[PDB]
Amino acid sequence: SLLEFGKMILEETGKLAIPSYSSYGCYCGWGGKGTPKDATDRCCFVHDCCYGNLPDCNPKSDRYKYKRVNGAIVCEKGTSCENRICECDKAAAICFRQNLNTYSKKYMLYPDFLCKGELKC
């Protein structure tokens, strides 16, 4: 679910999901178009794609369970949707962590019209 994903993002990166990742670039947060601005924006794009692989799941509301083993995120067995949602959110949190070095405050509140180009999943 949305709040769980948020907490996972804070746990990984030390940044609050809102507002560090809720309006960043072209893909982090509600929007979606154009070429991703940077690696962090590409995390969001892939995460959007990941959720798009699960049309009949509801990642905003549906709660999954996970644990940490050696600091690693391990998704625990739930419903198929919850398992798949967890793996998408795990990937995104790890993606954000890997790309903290190039995160840029200039892409916060990035405007929609500058999202030029195209990308398919």
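Here the rigid core means the biggest group of C-alpha atoms that line up within 1.5 Å when the two forms are laid on top of each other. All residue numbers refer to positions in the sequence shown, first residue = 1.
Participant: With the rigid core held as the alignment frame, decide whether 25-33 or 46-54 lies farther from the shown form in 8 other deposited structures of this protein, in terms of RMS C-alpha distance.
Facilitator: Once the cores are fitted, 25-33 deviates more in 8 other deposited structures of this protein.
Participant: How do 13-21 and 109-117 compare in 8 other deposited structures of this protein: which one has C-alphas farther from this form after the rigid core is matched?
Facilitator: Between 13-21 and 109-117, greater C-alpha deviation in 8 other deposited structures of this protein belongs to 109-117.
Participant: On average, are the C-alpha B-factors higher in 46-54 or in 30-38?
Facilitator: Averaged over C-alpha atoms, the B-factors run higher in 30-38.
Participant: Output the stretch having the higher mean C-alpha B factor in the entry; the candidates are 93-101 and 109-117.
Facilitator: Mean B over CA atoms: larger for 109-117.
Participant: Would the CA B-factor of residue 68 place it in the lowest, middle or highest third of its chain?
Facilitator: Within its chain, residue 68 is a highest-third residue by C-alpha B-factor, going by the deposited values.
Participant: Against its chain's modelled residues, does residue 16's Cα B factor rank lowest, middle or highest third?
Facilitator: Answer is highest: the recorded C-alpha B-factor places it there.
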